[PDB]
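The following block contains the structure, expressed as structure tokens.
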């Protein structure tokens, strides 16, 4: 959970 | 809004979040993690579309990147709670509809 693509 | 989902921009963000409670998805369309959330986020907004006390928003960080950066958004999706003009939480939990709805309930108490 909490996974993101970096900006 | 579009069925409860407010599209926010650099031009309207400050006005929008100044009063009340807000749950806002900062996203980029190219990001799979963000795209996978989109239908659920629409369902969340739909269920709240007639409510004044909470509004569900989104910010496309490919269009308004300085607004994202200015709110310390470092990746997508970032799900933030605003209350009366101020960022007050970041939601890092599970992104299913029920978890999101229970979080909304927790924050509106």
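Please treat every number below as a calculation from the coordinates, not as lab data.
If you project the alpha carbons of chain B onto their three principal axes, what span does each projection cover, largest first, in Å?
That gives 31, 29, 24 Å along the principal axes, largest extent first.
For residue B:65 and residue B:107 in the same chain, what is the full-extension length gain: residue separation times 0.36 nm, less their Cα-Cα distance, in nm?
Full extension from residue B:65 to residue B:107 adds 12.5 nm.
Residue B:38 to residue B:97: extension gain in nm, 0.36 nm per residue of separation minus the Cα-Cα distance? Display every interim value, and only then the final one.
Details: separation 59, 0.36 × 59 = 21.24 nm, distance 1.10 nm.
In short, 20.1 nm is gained.
Moving to a separate point now. Over the Cα atoms of the protein assembly as shown, each weighted equally, I'd like the Debye log10 I(q)/I(0) at q = 0.11, 0.16, 0.18 Å⁻¹, rounded to two decimals.
Debye output, listed in q order: -0.30, -0.66, -0.86.
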